[PDB]
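Just so you know, ligand 1 is whichever comes first in the structure, and atom 1 is the first atom listed for that ligand. Residue numbering restarts at 1 for every chain, and letters A, B, ... go by the order of the sequence lines. Because only heavy atoms are used, hydrogens play no part in the values below, and waters and symmetry mates are left out as well, while side chains stay in.
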Amino acid sequence: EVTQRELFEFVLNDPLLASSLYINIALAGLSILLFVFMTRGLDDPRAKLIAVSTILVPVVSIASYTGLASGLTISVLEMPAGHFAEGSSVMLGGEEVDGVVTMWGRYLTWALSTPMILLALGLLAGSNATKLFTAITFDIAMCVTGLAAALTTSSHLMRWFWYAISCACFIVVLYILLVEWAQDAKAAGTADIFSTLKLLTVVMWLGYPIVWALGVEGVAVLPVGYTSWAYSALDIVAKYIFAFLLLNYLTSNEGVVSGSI
Amino acid sequence: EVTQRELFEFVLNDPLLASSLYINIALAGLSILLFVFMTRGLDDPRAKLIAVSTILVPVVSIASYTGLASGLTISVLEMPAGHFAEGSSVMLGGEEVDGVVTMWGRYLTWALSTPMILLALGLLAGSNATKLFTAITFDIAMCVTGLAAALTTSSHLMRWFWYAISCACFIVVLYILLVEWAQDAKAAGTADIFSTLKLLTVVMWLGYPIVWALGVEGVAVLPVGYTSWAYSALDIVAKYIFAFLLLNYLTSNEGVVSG
Amino acid sequence: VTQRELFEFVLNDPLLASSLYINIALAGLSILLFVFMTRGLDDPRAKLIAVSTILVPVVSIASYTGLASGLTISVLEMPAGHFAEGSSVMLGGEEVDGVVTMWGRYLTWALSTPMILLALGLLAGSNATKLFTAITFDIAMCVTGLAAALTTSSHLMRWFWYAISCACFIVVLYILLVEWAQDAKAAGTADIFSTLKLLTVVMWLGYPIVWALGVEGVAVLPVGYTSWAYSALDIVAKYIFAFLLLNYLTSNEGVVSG
Ligand SMILES: CCCCCCCCCO[C@@H]1O[C@H](CO)[C@@H](O)[C@H](O)[C@H]1O
Ligand SMILES: CCCCCCCCCO[C@@H]1O[C@H](CO)[C@@H](O)[C@H](O)[C@H]1O
Ligand SMILES: CCCCCCCCCO[C@@H]1O[C@H](CO)[C@@H](O)[C@H](O)[C@H]1O
Ligand SMILES: *C/C=C(C)/C=C/C=C(C)/C=C/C1=C(C)CCCC1(C)C
Ligand SMILES: *C\C=C(C)/C=C/C=C(C)/C=C/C1=C(C)CCCC1(C)C
Ligand SMILES: *C\C=C(C)/C=C/C=C(C)/C=C/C1=C(C)CCCC1(C)C
């Protein structure tokens, strides 16, 4: 029976939690203003497809993070027997409440932002339509099963099963990035920039399943506030700096990526 | 602990509310029939695409309004401190429940129908895929953040912040409609009808955020029943008469949009 | 009612558990088999058809897990006049009014059918318009079905949603059986549609018939049988049907390539 306001106040009044959240609303807002400014000189429709898709990353981010900060996409959940976070309580409103303050809203940010990042990368890599579809479908699957795992409270073993499935989907995304697009970029004339962003993406994305396993949703070594900053830190690199680097290139090489959408 | 049934009964026994909802279900059904009939002569695959995108609007609208009228997509929400509708009470079942009956289902109508309208306008204007993608993504973000604000009860300020993000998204969609597509239509040879459809669209679309701000979701100068009829009036112009006007042109100019 | 209690309800109930854990297992094995069968495709258009088909059992293993875990199950009280009114079922160790409702099934369908449809549409040389029409109405079919299963305000609303969904059903079956059979002639794939013609009509029609008959509709079938009839179809539609599509595609890569 925890209200949204109660959760909104718990975030505020919790400097660790509030900061990892409000800082991204802020940074997402700046990225947007900056990116629109950087890209206002493009003309080719294909280059502009790469631009709006990249720019949509922080748009999704600022909206979703507002979802978290407002308490709209945060619920309190009790972990199943054997779960390392079973036995937690949090004090909400003015009483102790069993459960863990669960930021499931992060999965909405991901399910809606990762496909935009893959879209921009695939296009930059000159990918055909089959590889984009494969990458984006499995990536979405990865995010949805991740959310399903966080949301599962009936069985501790069930949680880790969703997690495994999500990992399998993640492998498909990684194979496309590391094996297929790495080569398609040579044919597209963007071998080096793609390779840079390919590494950045792979290194950063691998951080998420580790944080999940280590954070409150998993082994619980990282309490709620900390698992949150871990995710917020990854987001800043995987979303904002990534986009900046991608747009920095596109904004100086419009002609290399230009052509039929 | 309000049930779907009590909401279903609350809509009934409420003049303005039931009528503004049940009227749209009826006009949507009659619209679908009239539109199918109007477009039975189409043969060009591209004109048909425009025809079906358009028809999907009243389809979305009848299914969604049935969602509201049935209570499935309605909820009772307590507004935050400072909100003009906080402190409100509503008679549901056998008590005086705290809150405001929230027609959150409306945003499901706008999120699913507006992308179809936009798909209809962009194809008609000869728009390339980049602008359709832009117009449609920011349109979806617009409707979903609008839904987020309506669903926010934690803080009054947050409600107006979501409202702000939703309006910014609205501005992008508008720019494409009035500055980009308006110009693309010339190449497409559909400049005249696009103006008409563009004009009606922008003015009607502007009505929604205005209604939001003045109704129970905003400063509540308009009561629940009244905001509902305001949204219903608008849906009638932007969903049915607008769709009719588009199909009327299309069915008399198939060759122009050929593809 | 609790998620664990819904989860224990399915487990411990042989009929329910087997209709769910069998799909998870068969989907898991189907994904592996499908990926293996398609390891040789070289053409991009063919690859699109294959991954679009492979996603079918991917969606299935996730959604069924969604049901088996209790996440996508709920307990709803049917409205006055509904044949399942007055039902109770024992969940927290006590008597609970209502019917355990597997609404997760509509998620399974809303997410997997667009996928088999795009695979069949492409296979049929369909243009973009018929593909859009098929998928949009198909998704409208599943969403309105879910709405019907979720409506408790009145028994009448439920059937009205059902009619809306059935209307969408025919728009879809039409293009599948008629339109694409024809388009497939130019594509050189009329045969796969001709051979699977009866399989298609029967399995697709089987869903609205199970609805009307099961606890969601007139309820001549209890919950456990309502689940197995849906799960019997899913096995046909999601695994055997996808296999046949893939067996064909793999032997006819060249032609589907164009
Ligand atoms: C850029 C996003 C803008 C949103 C900023 C949110 C910060 C405002 C928080 O408000 C305060 O919250 C307290 C706890 O509920 C109330 O006690 C107090 O009266 C209210 O004023
Ligand atoms: C490589 C991924 C590693 C994930 C391994 C998941 C193992 C977690 C098992 O959970 C435990 O299962 C028992 C039997 O069901 C329950 O009795 C117990 O309460 C529950 O805590
Ligand atoms: C052969 C692998 C298939 C795995 C299927 C997942 C089901 C896991 C069931 O675990 C059991 O759930 C009970 C609650 O219902 C707990 O009370 C019990 O302690 C726990 O051990
Ligand atoms: C902008 C956000 C980004 C780049 C998010 C990426 C998220 C992932 C790669 C998440 C992956 C996960 C798994 C592979 C296992 C299950 C848990 C998840 C969801 C954290
Ligand atoms: C169903 C048809 C139409 C044309 C719907 C249009 C809806 C909008 C233009 C909604 C806009 C909103 C904004 C910009 C701000 C917050 C609240 C709204 C969701 C109402
Ligand atoms: C998973 C594969 C297939 C082919 C699923 C098909 C599903 C349907 C044909 C569902 C149809 C329904 C109708 C027409 C009426 C209301 C309820 C349903 C959603 C069951």
Side-chain angles (χ1 to χ4, degrees), chain A residues 57 60-61 106-107 109-110 113-114 117 139 142-143 145-147 149-150 162-171 173 201 204-213 217 231 234-235 238-239 242, chain B residues 57 60-61 106-107 109-110 113-114 117 139 142-143 145-147 149-150 162-171 173 201 204-209 211-213 217 231 234-235 237-239 242, chain C residues 56 60 105-106 108-110 112-113 116 138 141-142 144-146 148-149 161-163 165-166 168-170 172-173 200 203-208 210-212 216 230 233-234 236-238 241:
Chain A
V57 173
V60 164
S61 189
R106 283 191 180 286
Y107 300 86
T109 311
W110 303 337
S113 57
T114 44
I117 284 169
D139 172 78
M142 173 192 74
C143 294
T145 52
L147 164 62
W162 284 116
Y163 179 88
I165 298 173
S166 189
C167 284
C169 298
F170 183 36
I171 294 172
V173 179
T201 297
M204 298 317 95
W205 287 43
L206 276 162
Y208 293 82
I210 301 168
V211 171
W212 192 107
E217 292 141 345
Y231 281 137
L234 293 172
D235 269 20
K239 302 246 196 303
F242 162 92
Chain B
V57 174
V60 168
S61 192
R106 279 195 181 292
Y107 301 84
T109 308
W110 307 332
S113 65
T114 62
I117 293 185
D139 172 85
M142 179 187 76
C143 297
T145 53
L147 166 60
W162 281 117
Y163 180 82
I165 296 174
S166 185
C167 284
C169 292
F170 183 35
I171 289 169
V173 167
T201 285
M204 292 306 99
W205 282 53
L206 272 175
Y208 294 83
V211 173
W212 203 93
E217 281 149 339
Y231 284 135
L234 297 171
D235 280 353
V237 178
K239 278 177 183 31
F242 170 90
Chain C
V56 174
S60 187
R105 286 193 183 280
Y106 300 91
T108 303
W109 301 321
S112 67
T113 53
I116 202 68
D138 172 85
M141 171 184 85
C142 301
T144 47
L146 172 71
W161 282 116
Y162 177 86
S165 183
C166 286
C168 298
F169 175 82
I170 58 182
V172 177
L173 252 191
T200 308
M203 60 165 72
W204 282 72
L205 251 174
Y207 291 88
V210 173
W211 196 95
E216 285 161 331
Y230 273 139
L233 293 167
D234 276 9
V236 175
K238 314 240 162 312
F241 185 94

TODO: With sequence neighbours left out, write down each residue that passes salt bridge (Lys or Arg N to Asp or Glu O under 4.0 Å) with C:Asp234, or none if nothing qualifies.
DONE: C:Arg105
- [ ] Check step by step if side-chain contact (heavy atoms from CB on, under 4.5 Å) holds for C:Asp138 and C:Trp109.
- [x] CA-CA 9 Å; C:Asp138 172 85; C:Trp109 301 321; over 6 Å; no
Open item on the list: Would you say that C:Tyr207 contacts C:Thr113 through its side chain, given a criterion of any heavy-atom pair below 4.5 Å between the two side chains?
Closed with: no
TODO: Go through the steps to decide whether A:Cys167 and A:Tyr163 satisfy the test side-chain contact (heavy atoms from CB on, under 4.5 Å), and finish with yes or no.
DONE: CA-CA 6 Å; A:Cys167 284; A:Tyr163 179 88; 3.7 Å; yes
Open item on the list: Is A:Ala149 close enough to touch ligand 4? Criterion: a residue heavy atom under 4.0 Å from a ligand atom.
Closed with: no
Task: B:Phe242: ring pair (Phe, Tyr, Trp, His ring centres under 6.0 Å) partners, not counting sequence neighbours - done: none
- [ ] Pick one of side chain, backbone, both or neither for how A:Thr114 approaches ligand 4, counting any non-hydrogen atom pair under 4.0 Å.
- [x] side chain
Open item on the list: Students should find this: residues with any non-hydrogen atom under 4.0 Å from ligand 6. What is the answer?
Closed with: C:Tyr106, C:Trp109, C:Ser112, C:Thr113, C:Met141, C:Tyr162, C:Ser165, C:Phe169, C:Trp204, C:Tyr207, C:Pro208, C:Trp211, C:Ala237, C:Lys238
TODO: Working to the nearest 0.5 Å, report the span between CE of A:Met204 and NZ of A:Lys239.
DONE: 13.0 Å
TODO: List the closest protein heavy-atom neighbour of atom 11 (C) of ligand 4: residue, atom name, distance to the nearest 0.1 Å.
DONE: A:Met142 SD, 3.7 Å
- [ ] Around atom 4 (C) of ligand 4, find the nearest protein heavy atom and jot down its residue, atom name and distance.
- [x] A:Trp205 NE1, 3.3 Å
Task: Residue A:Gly146 vicinity, atoms of ligand 4 by number, heavy atom under 4.0 Å - done: 19 (C)
Task: Set of ring pair (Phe, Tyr, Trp, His ring centres under 6.0 Å) partners for B:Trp162, sequence neighbours left out - done: none
Open item on the list: Suppose we measure from atom 20 (C) of ligand 4 to each protein heavy atom; which comes out shortest, and what is that distance?
Closed with: A:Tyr208 O, 3.6 Å
Open item on the list: For a quick test of reading the model, state the closest non-hydrogen atom pair linking A:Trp212 to A:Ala149 and the distance between them.
Closed with: CZ2-CB, 3.9 Å
Task: Distance-minimising heavy-atom pair for A:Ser166 and A:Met142 - done: OG-O, 2.7 Å
Open item on the list: Out of all atoms in ligand 4, which are within 4.0 Å of some heavy atom of A:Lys239? Include the element for each.
Closed with: 1 (C), 2 (C), 3 (C)
Open item on the list: Judged on heavy-atom distance to atom 18 (C) of ligand 4, which of A:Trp212, A:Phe242, A:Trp162 sits nearest?
Closed with: A:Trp212
TODO: Could you tell me which non-hydrogen atom of C:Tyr106 sits nearest to which non-hydrogen atom of C:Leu146, and how far apart they are?
DONE: CD2-N, 3.3 Å
- [ ] Give the residue and atom name of whichever protein heavy atom lies nearest to atom 15 (C) of ligand 4, and the separation in Å to one decimal.
- [x] A:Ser166 OG, 3.5 Å
